[PDB]
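The structure appears below as structure tokens.
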Amino acid sequence: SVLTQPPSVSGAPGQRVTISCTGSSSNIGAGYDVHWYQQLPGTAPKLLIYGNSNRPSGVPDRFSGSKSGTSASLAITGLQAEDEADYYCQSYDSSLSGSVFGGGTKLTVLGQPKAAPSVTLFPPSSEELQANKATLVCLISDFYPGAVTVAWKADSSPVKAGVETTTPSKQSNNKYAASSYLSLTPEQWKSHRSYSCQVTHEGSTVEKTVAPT
Amino acid sequence: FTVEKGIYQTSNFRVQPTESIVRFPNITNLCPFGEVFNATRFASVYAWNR
Ligand SMILES: *[C@@H]1O[C@H](CO)[C@@H](O)[C@H](O)[C@H]1NC(C)=O
């Protein structure tokens, strides 16, 4: 809205990373103090620094807050193993008659190497045919990272309806697994000759097909 | 001290203006500031709008 933030910022583990926050002349440039918060994906945000002059208890001294007139800046020294969150600007807005937050910056560069994926295609069982639906599942497991595109074909034309893709989650041995469903009906399931799922990972494309008859 | 008949040019006539107008525009622009007073609700005295 009234506060704009960059989408992402790049840095190195050992140099200085500085973020710039720009607003208006009635919320931050009027004279109001600014507050910075960290939005960890899964935990409630906490207070980092208020007023850019005092240090709250439990907060390290590596975080520095300054207000260069209409713009506020935050600087850090060294990238540790907990900076994988979002930084926001909080200031009182007279026009909005309340507190308004910023956009949010993501702090990550690269932590995902490559691996070799493996897929499995399982046709629906006999009890699924009488439910007036056909859920075609093509599971993908043991791959890294979790960025796989899913394409469905019926050996004559690609299927662009009912295609879904779930987000992958970390396995026990630091890998990723995913599944893809396809909503169909048993009326046309038997008419088609075969069904398959096609995926591509870093140029490696594998294909598995099943025959209902 | 003796002037004969004829035409004679003595000085020059200059019409000095008495008033000056220097107004360049007809009106100047404005900025949105009436919303400070024309508002649905106001703030309090411990935390007022700046
Ligand atoms: C506020 O609203 C009134 C009526 O809508 C209008 O006459 C006036 O010019 C506006 N601005 C101020 C500063 O009062």
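A quick note on method: Cβ atoms are made from the backbone with ideal geometry, for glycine too, and the neighbour counts reach across all protein chains shown. All of this is worked out from the model, or read from it or from the source named; these are not laboratory values.
Please verify whether A:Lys160 is of a type in the set (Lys, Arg), without any contact (Cβ under 8 Å) to a residue 24 or more places away in the chain, out of contact with any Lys or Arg (no Cβ under 6 Å at 6 or more places or on another chain) and over 30 Å from A:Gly29 (Cβ atoms), treating the condition exactly as stated. Here the answer is yes, as A:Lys160 does meet what is asked. Step by step: first the residues of the stretch A:68-110, then only those that are in a strand (DSSP E or B) and of a type in the set (S, T, N, Q), then the one that is farthest from B:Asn49 (Cα to Cα). Which residue is that? Of everything passing the filter in the stretch A:68-110, A:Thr77 is farthest from B:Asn49 (Cα to Cα). All of A:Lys153, A:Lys133, A:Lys160, A:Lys170 fail the test of being in the same structural domain as A:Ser194 (by CATH), among the basic types (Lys, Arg) and out of contact with any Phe, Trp or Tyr (no Cβ under 9 Å at 6 or more places or on another chain), apart from A:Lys133.
In this structure, A:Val59 qualifies as closer than 24 Å to A:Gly11 by Cα, hydrophobic (A, V, I, L, M, F, W, C) and under 29 Å from the mean Cα position of the chain (by Cα).
Residues of the stretch A:1-45 that are within 14 Å of chain B (Cβ to nearest Cβ), surrounded by fewer than 12 Cβ atoms within 10 Å (Cβ to Cβ) and either hydroxyl-bearing (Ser, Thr, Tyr) or under 14 Å from A:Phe101 (Cα atoms) (or both): A:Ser25 alone.
Looking at B:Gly34, B:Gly6, just one residue is out of contact with any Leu (no Cβ under 9 Å at 6 or more places or on another chain), without any contact (Cβ under 8 Å) to a residue 60 or more places away in the chain and on the phi > 0 side of the Ramachandran plot, and that residue is B:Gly6. Residues that are without any contact (Cβ under 8 Å) to a residue 60 or more places away in the chain and in a loop (DSSP other than H, G, I, E, B) within the stretch A:195-213 comprise A:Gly203, A:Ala211, A:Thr213, listed in sequence order. When residues in chain B are screened for being within 13 Å of another protein chain (Cβ to nearest Cβ), surrounded by fewer than 10 Cβ atoms within 10 Å (Cβ to Cβ), away from the ligand (no atom under 16 Å from the Cβ) and under 40 Å from the mean Cα position of the chain (by Cα), 1 of them pass.
Identify, please: which residue in the stretch A:58-107 is aliphatic (A, V, I, L, M) and more than 30 Å from B:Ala39 (Cα to Cα) and is, among those, nearest to the other protein chains (Cβ to nearest Cβ)?
A:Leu74
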